[PDB]
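# Sequence plus experimental coordinates follow:
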12 protein chains.
Amino acid sequence: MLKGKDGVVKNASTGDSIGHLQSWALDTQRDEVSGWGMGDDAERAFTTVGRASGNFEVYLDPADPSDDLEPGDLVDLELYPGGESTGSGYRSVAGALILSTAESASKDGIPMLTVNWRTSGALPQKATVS
Amino acid sequence: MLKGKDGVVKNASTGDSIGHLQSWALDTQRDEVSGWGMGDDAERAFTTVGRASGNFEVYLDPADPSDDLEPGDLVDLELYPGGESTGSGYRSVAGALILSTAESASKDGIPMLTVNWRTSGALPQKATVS
Amino acid sequence: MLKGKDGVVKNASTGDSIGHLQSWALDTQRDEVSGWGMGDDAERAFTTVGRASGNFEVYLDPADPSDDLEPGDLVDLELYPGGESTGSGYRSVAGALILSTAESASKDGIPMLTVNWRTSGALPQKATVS
Amino acid sequence: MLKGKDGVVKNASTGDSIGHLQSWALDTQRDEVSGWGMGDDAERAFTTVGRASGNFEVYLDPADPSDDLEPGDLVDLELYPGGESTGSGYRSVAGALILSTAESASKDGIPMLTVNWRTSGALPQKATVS
Amino acid sequence: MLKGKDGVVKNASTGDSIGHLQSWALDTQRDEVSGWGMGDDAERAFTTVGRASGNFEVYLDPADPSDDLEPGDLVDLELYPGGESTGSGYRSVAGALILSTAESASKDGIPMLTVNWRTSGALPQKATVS
Amino acid sequence: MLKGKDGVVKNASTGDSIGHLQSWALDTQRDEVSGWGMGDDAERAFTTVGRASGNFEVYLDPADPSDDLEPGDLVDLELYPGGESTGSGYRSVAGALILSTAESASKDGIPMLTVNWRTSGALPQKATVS
Amino acid sequence: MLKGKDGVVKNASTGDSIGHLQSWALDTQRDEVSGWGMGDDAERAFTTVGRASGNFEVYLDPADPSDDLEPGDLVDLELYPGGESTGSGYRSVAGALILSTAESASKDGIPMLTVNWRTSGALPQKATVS
Amino acid sequence: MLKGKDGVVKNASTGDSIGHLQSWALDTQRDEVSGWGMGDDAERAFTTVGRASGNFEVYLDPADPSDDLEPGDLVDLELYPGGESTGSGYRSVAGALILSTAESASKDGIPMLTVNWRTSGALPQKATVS
Amino acid sequence: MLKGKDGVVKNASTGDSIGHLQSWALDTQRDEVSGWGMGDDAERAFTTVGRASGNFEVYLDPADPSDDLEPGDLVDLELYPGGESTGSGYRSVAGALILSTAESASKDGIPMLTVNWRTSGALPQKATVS
Amino acid sequence: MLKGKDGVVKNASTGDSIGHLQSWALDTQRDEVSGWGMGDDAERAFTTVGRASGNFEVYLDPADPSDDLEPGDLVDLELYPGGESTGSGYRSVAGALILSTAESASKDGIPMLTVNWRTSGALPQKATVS
Amino acid sequence: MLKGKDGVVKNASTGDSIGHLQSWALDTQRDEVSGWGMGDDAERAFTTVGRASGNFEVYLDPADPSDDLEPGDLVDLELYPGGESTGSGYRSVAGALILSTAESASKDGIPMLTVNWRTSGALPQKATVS
Amino acid sequence: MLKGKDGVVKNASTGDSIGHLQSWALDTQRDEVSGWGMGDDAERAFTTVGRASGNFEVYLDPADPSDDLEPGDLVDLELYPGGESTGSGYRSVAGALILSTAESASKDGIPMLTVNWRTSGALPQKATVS
């Protein structure tokens, strides 16, 4: 049961936390393939190839490392679900591909920014901080 | 009327409970085929081939057997809906295929993990614990 | 205005009530066919062939006749919307085809089971109990 | 502003109110066709052919004229939105085609029935009761 | 900031307000077309042809000018968002094509009517009442 | 953390604030392309071409610069998320293409207007006001 | 506008409906001959000799009169496009020549049979059932 | 822009509309002849002789003037693309030669009939109805 | 209405089912001959000589009796459209000539094999299993 | 990147736009001739003589200059792919030979006309409008 | 049921896998010869001579062994449908004749290459890897 | 795996990129010759002579080097599948013969141009840019 309010995201290439974070997310998939013949009871399957994707939502501030993210950039990410304290696992993604951003606001809210990324060629490598 | 808060899931291959569980689910299907002729009142049907699928949601903790689950792995599962007390039925699935995982968090919550699996070649075999 | 809390479902073949029931449902359809010509005001229609389908949700208990239901089985059903008291209509379905089941649970609930069936060759025959 | 709780539906062929009604509905449509050329500012349209459809929901009671409705029947309907008092408009539909029914219940409710119909060859003819 | 409760709709051809109104709506669109070549950074666009559409919902009363609206009719509309007081802009639509109507009711409500229209050949012409 | 209630939008061509604003929004995308061969573990990707889109919602008033916006117009926009005070970043979009508008009202509300635009040939150019 | 789902085909010689029918078809042709001279504006034509052909597709069942059809057989057919009710026209073909059959199936379908015939010496004689 | 749903076809000889029409079609051709010499840049051409052809598809009904059409008949046709209202052009074909018919049906459709004709000696003469 | 998913094919010479089947097919033909004289209304026909042909598609597995099939082999086949249960008709072909095979695969599929055969000297002999 | 919705076609002889256009097309070809000797690696080629062809599709209206087009006519065409604004290239074809026309309609469409032409003796001469 | 995503192709002469593969295919044929006499029921056949052919599609990369393939080359191929693991059958073709290649691309795709080959003098020799 | 959206085509003679490209394509062939004798098992083959062909599709713009391409011209081409960056292979074709062009448009599209060429005397010479 990790705290959840200690989550830290970093741009690994430049070494700088994101900023006013609100939520993160991650995912992993593999495609399936199913087949069966005339006279079988159950159908078989297997997994071909894998992906990864995720996003995060921050408060919009122009003076942040969150501002430099632009669609099409390649960035090395590190997600700390439980903080940076030693022994806390962190998923590090190499070659993360930023796909789209979406800024918005309301008459009674704070301008928010949603970055949405993807993986390109590599998969999230789990690890344990020292 | 089983308790519901006693549900236990196990990795049958290695023999280790999952961890901080939140909910599980299971399913079974068979495809249908319908036909009728010119001049019939009702249409006929039958079932061809079967499947199974399900998922479960846990609290994210790196030091757990829940962490070793990766998309594409083949694992032997056992679901105890009412606990491990003798005489409690348990659905055991052989060759379960883990298909996708999805980790997430919020600024006021606990990091959660959703594993989502499938069956490959075999179907859930009901039984009764000794 | 039937009571609704007296509803009874039976496996007609073996003669045994289902168990801890939560809700039932039923349906009937007929396909439509519409046509019109160049210079018509309204379009005509008619009904070709009929079906039936429904489901029900029970509390999961292994020691019940609800447990023996498996996808692909053929079972003779009888639905008593208002109980078994004499003069209460009951829809009896012959050759009901059970299509899928879906068991689930939560950390603060009761394990539930949803059976989902269909009709194959026959249609629900209304009647009046003696 | 009609009362709404006085709505009466009738089977015009046999002359018998439906029963414990809960809600009714009606509709009318005409298909559209749009076209434009290279160099036009706005696009033109027109309406080809018309339909009608609707439904109503009643409490399930076997001893009612609502029970005799079966998918595929042809029935002459009359809808009184504001009651049967003189001078109250009523939409009368000839050759209404009943398309599907759907009975259901819950463990804490009343068994309900939803009839769903259509029009075949004719359109709803408004009128004013004497 | 117009009042919103003063909105008036008229049938311009005959000169008669609608009746017990509940809400109106309007819309305008133009289709887009996008293209790009091998080696471009951004994609270009432009707008081809335009439309208009909208609806309104009234209380069902047979003795109203709202009753004469039938699918397929051509009517000249005028929408006064802020009333008929001098200097209040009003969108006047010529050749409005009424496409569908949908009457309904409940056991504890008022019978309502939803008219749904379109434009055919012309576009809404803004203006300012004298 | 920008205030959010100070957001200002301008028509850059004519130099005039919009009016009673309620909310704005913006977006940027780039399409993705994925490929893999027989015998690969992960799938590769890259981004081809980019877009931009957004909208904003105002109170409907005929005597405003918001009224002159018509579908199909080309307008130069400037969005000030945090006001016009010096040092506040503003996204300026050149050649913004207005795509659709949607006016509406209720019996207990204020007539609202939703403008919905797009970009054509250029992308939002961030900057910092002097 | 005949129903289409009432179509009946018969072997007139033995008097037995076909079986589970799916679709029928028929055709009639006459060859053309065109000629023109040096200095003519349009070309002339006429029709020499006529034929007939068609087919039908049934569900494959060995215990049917559909099974006895073999390529090369001569059979007297009668096609009822709208059923056998009195006053319904039926095309009766004498000396129909069955030319080819084609049985097939899939892993998720019903074995189907396509009979394909021709006419030999006579042409389809329309009539009206008594 | 003619309506298209008002198209009327007539047998000019007997004066009777066809019936439930679905679509019509027409055509005109002239053969080409090309030649060139040793040392020319472009090739020359001209048109020798002309034809006409077309078809139409109706719902199959034995009690119609559509039923009397048989391959080999000579019939005088008139096609009204936009109806019979005065001032609407109509292509009248003299000596139309009916070449083939093709009736068909499905288990969920309406029996359709496709007549296919030709011209013999004359060409379609355009005109304007009075 | 045979099940279709129970179809069994056998090599009659060695007595061994094929394997993972996907679909089968069969055919029978006879050539036609048509003639007519100067002054006849319809043309006559008859059938000269017959053939047979078909195929089937299996999943590619080297350890199967499907693997031993090579183009040019002579094999005795038996097709069970509805299984091997007693009373189920089966078409037995003697001297079947295997004509061609075609193996293929995709990056996300299962390697498939299509055998395509013919008959040589004999025709399919229908029968009924004991 | 020309707009495409501004395309204008003209009859150059009489000076009158076509009408409700839907699409145009054009083409140019030259025949090829290939040869090689005993002992050559690649084969040679060259182009002998050229042609041109194209078509266009309009909405059928009798009161248009599109109506006067008849197969066999010689007409001087001018195609403006991007409109008639100054500096817009236009392909002018002299002695265009109209080869065939094809009118058609549907029960839910607009009567369309497809003109199909050719070139005779001359080739399309590109130019630039003043 | 081989995996299908493990398929490996090799140039046997030089010993080097192809590269980014997408799909392969193979085929075998033998010509047929049919004859019959005046007075026979069925027609006889036999197979004369055999061939082989196939292709495969790869991603275009100049730095690959796929690049060295040129039309007219003679290459020794080996196809591993299920990978190179021991006991996996592989079809080895000697003297494969590469017949044609076809490179292509799109504005939103990956440049692909399709090699298309044939056999010359020898036939595919099945085997089993050690 | 080349990007595919970076493809560049050049007119090598004048040194000027084409323009708004959409897709390219290329091909190479060699004819085959097969022979066999009375008493052989497989048939032999070989390749005689080679060709090349391809095309590409661009947006129609008169102010481009794409406009100067005319059927019959001889042009020296260079295709860069992966761009002009150093080390990227490019197929250079000498003496390319342009065979035909085909311009077209729609009422909701962009005027497109398809050039279609051939090779004359030489074959595509692969290379590697410096």
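Okay, I see it. Residues are numbered from 1 along each chain as shown, chains lettered A, B, ... in the order given.
# Quickly check: the helix or strand containing residue A:95 near chain K or not.
Residue A:95 is part of strand A:91-104, with elements assigned from DSSP states H and E. No. Strand A:91-104 stays clear of chain K (C-beta under 8 Å from any C-beta of the partner chain), getting no nearer than 15.2 Å. Every residue, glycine included, has its C-beta placed from N, CA and C.
# Establish whether stretch A:1-17 and chain B are in contact.
Yes. Taking C-beta under 8 Å from any C-beta as the criterion, stretch A:1-17 and chain B are in contact, through A:1, A:2, A:3, A:4, A:5, A:7.
# In three-state terms, label residue A:58 for me.
Taking DSSP: H, G, I helix; E, B strand; the rest coil as the rule, one finds residue A:58 in the strand state.
# That one and chain B, how far apart?
11 Å (C-beta to the nearest C-beta, to the nearest Å).
# next one: residue A:74
22 Å.
# which residues does that residue form a beta bridge with?
Counting by DSSP bridges, residue A:74 is bridged to residue A:97.
# The nearest residue to residue A:82 once chain neighbours are set aside: what secondary structure?
Using C-beta to C-beta, 6 or more residues apart in numbering or on different chains and skipping residues adjacent in sequence, the residue nearest residue A:82 is residue A:2, 3.8 Å away. With three-state DSSP as the basis, residue A:2 sits in coil.
# Name the SS class of the residue most central in space within chain A, please.
Nearest residue to the geometric centre of chain A (C-alpha atoms, centre = their mean): residue A:54, 3.7 Å. Counting by three-state DSSP, the backbone at residue A:54 sits in strand.
# if I read this right, it contacts residue A:26, doesn't it?
Yes. Contact criterion C-beta atoms under 8 Å: residue A:54 and residue A:26 qualify, at 4.1 Å.
# Could you say whether the closest residue to chain H within chain A sits in a helix, a strand or coil?
Nearest residue of chain A to chain H (C-beta to the nearest C-beta) works out as residue A:38 at 25.1 Å. Under three-state DSSP, residue A:38 falls in the coil class.
# Might one say that residue A:114 is in contact with residue A:60?
No. The pair residue A:114 / residue A:60 is not scored as a contact, 9.9 Å apart, by C-beta under 8 Å.
# what sits in contact with each of these two?
residue A:103 (C-beta atoms under 8 Å, 6 or more residues apart in numbering or on different chains).
# Tell me which of those two has more neighbours.
residue A:60 (23 against 17; other C-beta atoms under 10 Å in any protein chain shown).
# Report the contact partners of the more buried one.
A:103, A:105, A:110, A:111, A:112, A:113, F:2, F:81.
# Now with 6 Å, please.
Neighbouring residues of residue A:60 by C-beta atoms under 6 Å, 6 or more residues apart in numbering or on different chains: A:103, A:111, A:113.
# which of the residues you listed tops the neighbour count?
Of the contacts of residue A:60, with other C-beta under 10 Å as the count, residue A:113 tops at 24 neighbours.
# unless I'm mixing things up, it is touching residue A:61, no?
No. Assessed by C-beta atoms under 6 Å, residue A:113 is found out of contact with residue A:61, at 8.6 Å.
# mind listing the strands for chain A?
A:8-11, A:16-17, A:21-35, A:44-59, A:74-80, A:91-104, A:112-119 (DSSP state E).
# Quick one: closest of these to residue K:73.
strand A:44-59 (31.9 Å; C-beta to C-beta).
# Whether the closest one contacts chain L - can you check?
No. Strand A:44-59 is not in contact with chain L by C-beta under 6 Å from any C-beta of the partner chain; minimum separation 14.0 Å.
# can you state the direction angle for that strand and strand F:44-59?
50 degrees (axes from the mean of the first three to the mean of the last three C-alpha atoms, to 10 degrees).
# List of residues touching strand A:44-59?
Counting by C-beta under 6 Å, 6+ apart, A:19-35, A:66, A:110, A:113-116, A:118-119, A:123-124, B:71-72, B:97, B:120-121, F:1, F:36, F:42-43, I:108, K:5 sit against strand A:44-59.
# now that strand, how far from the chain's geometric center?
Here strand A:44-59 is found 9 Å from its chain centre; the criterion is C-alpha atoms, centre = their mean, to the nearest Å.
# Ok, stretch A:6-22 next?
The answer for stretch A:6-22 is 12 Å, by C-alpha atoms, centre = their mean.
# Now do that stretch: everything it contacts.
Against stretch A:6-22 from outside (C-beta under 6 Å, 6+ apart): A:57-59, A:64-66, A:75-76, A:78-81, A:83-84, B:105, B:107.
# with those in mind, which one is nearest to chain F?
Of the contacts of stretch A:6-22, the one sitting nearest to chain F (C-beta to the nearest C-beta) turns out to be residue A:59, at 5.3 Å.
# For ChimeraX, write the selection for the buried entries among the residues of stretch A:1-17 next to chain B.
Buried subset of the residues of stretch A:1-17 next to chain B, written as a ChimeraX selection, criterion 16 or more other C-beta atoms under 10 Å in any protein chain shown:
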select /A:2,4,7
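# Most remote residue from the middle of chain A, which is it?
Outermost residue of chain A (C-alpha atoms, centre = their mean): residue A:39, 44.0 Å.
# Next, count neighbours for the closest residue to that residue other than its chain neighbours.
Leaving aside its sequence neighbours, residue A:39 sits nearest to residue I:6 (C-beta to C-beta, 6+ apart; 6.4 Å). By other C-beta under 10 Å, 17 other residues sit near residue I:6.
# Please apply the same query to residue A:108.
9.
# what's the spacing between it and residue A:23?
The spacing between residue A:108 and residue A:23, counted by C-beta to C-beta, to the nearest Å, is 20 Å.
# do the same with residue A:36
41 Å.
# Can you tell me the closest non-neighbouring residue to residue A:126?
Using C-beta to C-beta, 6+ apart, the closest residue to residue A:126 is residue A:91 (5.7 Å).
# quick one, phi psi at the residue nearest to residue A:67 when sequence neighbours are not counted?
Excluding the flanking residues, the one nearest residue A:67 by C-beta to C-beta, 6+ apart is residue A:61, at 7.2 Å. Dihedral pair for residue A:61: phi -140, psi 120, per degrees, to the nearest 10.
# Also residue A:90?
phi -140, psi 130.
# repeat for residue A:126
Per degrees, to the nearest 10, the backbone of residue A:126 is at phi -70, psi 160.
# The residue nearest to the centre of chain A bridge partners, please.
residue A:26, residue A:117.
# Now do it against residue A:28, distance only.
9 Å.
# Near residue A:18, how many other residues are there?
Residue A:18: 18 neighbours (other C-beta under 10 Å).
# same check, this time on residue A:79
21.
# Do I have it right that it meets residue A:89?
No. With contacts counted by C-beta under 6 Å, residue A:79 stays clear of residue A:89, the gap being 9.6 Å.
# ok so, going back, and the contacts of stretch A:6-22, which two are the farthest apart?
It's A:76 and B:107 that sit farthest apart of those, by C-beta to C-beta, at 24.2 Å.
# tell me the contacts of the one residue in chain A that gets nearest to chain F?
Here chain A gets closest to chain F at one residue, residue A:62, 3.7 Å apart by C-beta to the nearest C-beta. Neighbour list for residue A:62: residue F:89 [criterion: C-beta under 6 Å, 6+ apart].
# Brilliant, that's me finished.
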